[PDB]
Amino acid sequence: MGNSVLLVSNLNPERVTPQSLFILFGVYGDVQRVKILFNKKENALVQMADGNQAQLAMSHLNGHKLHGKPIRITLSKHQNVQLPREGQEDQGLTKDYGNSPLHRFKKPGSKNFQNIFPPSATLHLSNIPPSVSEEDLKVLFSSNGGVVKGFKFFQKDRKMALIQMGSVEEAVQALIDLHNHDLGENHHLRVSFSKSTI
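The record lists solution NMR as the method behind this PDB entry.

Going by the annotation in the PDB entry, the name recorded for the protein is POLYPYRIMIDINE TRACT-BINDING PROTEIN, with Homo sapiens given as the source organism. Under its PDB record, the entry appears with the title "NMR, REPRESENTATIVE STRUCTURE".

Set out below in structure tokens:
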């Protein structure tokens, strides 16, 4: 009896919470508890293998062969000997398979005020089709996007790139404006608005 939880790498945007990702592993409804916080996006905690469930979950989920979304899955290591009773609500956010009723905690509700940042817009472009260069999209984000503070193309998200656009509403406008008129497949170039630091 030691550490044996499969961590799922993905939770990137905000609409992509563990509730949806948990459903993927929930296929067996065996994760005793799921924790989401220090994962810093792109990471999640699924507890069920305890060594055995990973045999079913680790093998059944791994080698899944991604064909639309590149997701990474890792297995907690920790070779030393750690005891339980030390990870069920002391890390920050801990959810238990299913959901907690409105009578689990006392008066719910939290407070705000915690460092205000400027509303900026960072979007990443997914693999581009063999025909349109980066200059074509980069120009769209400016004249069709709205406000382009700068764009950096590199291997970041794997052959992907990110662009900064102060006005966030403008960043989304590029998706509609840059690709306002498509044909169907929409090509392989993907435009998504992401919120980084600031």
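Chemist: Quick one: what's the story with the overall build of the protein, residue by residue and with numbers?
Modeler: Of regular secondary structure, the protein possesses four helices and nine strands. For the protein, whose C-alpha radius of gyration is 21 Å, the value lies well above the compact-globule estimate of 16 Å for 198 residues. The principal-axis extent of the C-alpha atoms belonging to the protein is close to 60 × 45 × 30 Å. Looking at the 198 residues of the protein, the share that counts as buried comes to 27%. Pairs at least 24 residues apart make up 68% of the contacts formed inside the protein by residues separated by at least 6 positions. Counting only carbon and sulfur atoms, one obtains 54% of the accessible surface of the protein, whose full area is about 15000 Å². In the protein, 23 side chains carry a positive charge and 17 a negative one; their mean positions are 7 Å apart.

Chemist: Pulling in residues and values, what's your account of the nonpolar core?
Modeler: Core analysis: the biggest nonpolar cluster contains 16 residues, and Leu-6, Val-8, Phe-25, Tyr-28, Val-31, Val-46 and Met-48 have the highest contact counts within it. Once residues lying within four places of it in the same chain are set aside, the contact partners of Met-48 are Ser-4, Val-5, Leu-6, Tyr-28, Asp-30, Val-31, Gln-32, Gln-53 and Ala-57. Residues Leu-137, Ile-163, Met-165 and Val-191 belong to the second largest nonpolar core, which totals twelve residues.

Chemist: Could you give an account of the side chain of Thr-94, naming the residues involved and the relevant values?
Modeler: Structurally, the position occupied by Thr-94 is in strand β5 (residues 94-96). Of the polar contacts made by the side chain of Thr-94, one reaches the backbone oxygen of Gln-88; its length is 3.0 Å. Within the local environment of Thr-94, its side chain forms a polar contact with the side chain of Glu-89, the two groups lying 3.4 Å apart. Once you skip the residues sitting within four places of it in the chain, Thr-94 turns out to touch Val-34, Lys-35, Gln-88 and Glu-89.

Chemist: How would you summarise the environment of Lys-156 if you had to cite specific residues and measurements?
Modeler: Within the secondary structure, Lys-156 is located in the loop between β7 (150-153) and β8 (161-164). Judged by its relative accessible area of 56%, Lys-156 is exposed. Between the C-alpha atom of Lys-156 and that of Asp-30, which follows or precedes it by 126 residues, the distance is 34 Å.

Chemist: Report on the sheet that holds β7, specifying residues and quantitative values.
Modeler: Where strands meet in a sheet, backbone hydrogen bonds hold them as pairs that are either parallel or antiparallel. Overall, antiparallel pairing links the four strands, which are arranged β7-β8-β6-β9 in an open sheet. Edge positions in the sheet fall to β7 and β9 (191-194), since each has one partner strand and no second. For this sheet, the mean inter-axis angle between neighbouring strands, taken without regard to orientation, is 20°. In this sheet, β9 lies alongside strand β6 (residues 122-125) in antiparallel orientation, the contact comprising four bridges. Paired with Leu-125 across the bridge in β9 is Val-191. Running at roughly 155° to β6, helix α3 (residues 134-145) makes contact with β6, β7, β8 and β9 of the sheet.

Chemist: Before we move on, can you summarise the pattern of salt bridges with the specific residues and values?
Modeler: Per the counting criterion, the structure on display carries three salt bridges. Across the pair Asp-96 and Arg-33 runs a salt bridge whose closest N-O atoms are separated by 3.7 Å. Within this pair, whereas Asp-96 is found in strand β5, its partner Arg-33 is found in strand β2 (residues 33-35), the two being separated by 63 residues in sequence. Linking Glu-89 and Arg-104 is a salt bridge whose minimum nitrogen-to-oxygen distance equals 3.3 Å. Of this pair, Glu-89 sits in the loop between β4 (72-75) and β5 while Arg-104 sits in the loop between β5 and β6, placing them 15 residues apart in sequence.

Chemist: Tell me what's going on with helix α1 (residues 18-26), and back it up with residues and numbers.
Modeler: Taken together, the buried positions of α1 are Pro-18, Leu-21, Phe-22 and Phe-25. In a view along the axis of α1, the buried residues occupy a sector of 105°, so they form one face of it. Relative to its buried face, α1 has exposed residues pointing more than 90 degrees away, namely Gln-19, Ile-23 and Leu-24. Buried positions along α1 lie against β1 (5-9), β2, β3 (45-47), α2 (52-61) and β4.

Criteria and cut-off values
- Residues numbered from 1 in each chain as written, not as in the entry; some residues may be left out.
- Heavy atoms only, no water.
- Helix = DSSP H or I, 4+ residues; strand = E, 2+ residues; numbered from the N terminus.
- Rg over C-alpha atoms; globule rule 2.2 N^0.38 Å.
- Buried < 20%, exposed > 50% of the residue type's maximum accessible area, 1.4 Å probe, protein only.
- Contact = heavy atoms within 4.5 Å.
- Areas by Shrake-Rupley, 256 points an atom, 1.4 Å probe, with all protein chains shown as cover.
- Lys, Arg positive; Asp, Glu negative; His and termini not counted.
- Charge placed at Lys NZ, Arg CZ, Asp CG, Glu CD.
- Core = buried A, V, L, I, M, F, W, Y, C linked by side-chain atoms within 4.5 Å.
- Polar contact = N/O pair within 3.5 Å; in protein donor to acceptor, adjacent residues only side chain to side chain.
- Pairing = 2+ DSSP bridges.
- Axes fitted to C-alpha atoms, helices over the stretch in contact; angles between N-to-C directions.
- Salt bridge = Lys/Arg side-chain N within 4 Å of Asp/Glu carboxyl O.
- Arc of directions from axis to C-beta.

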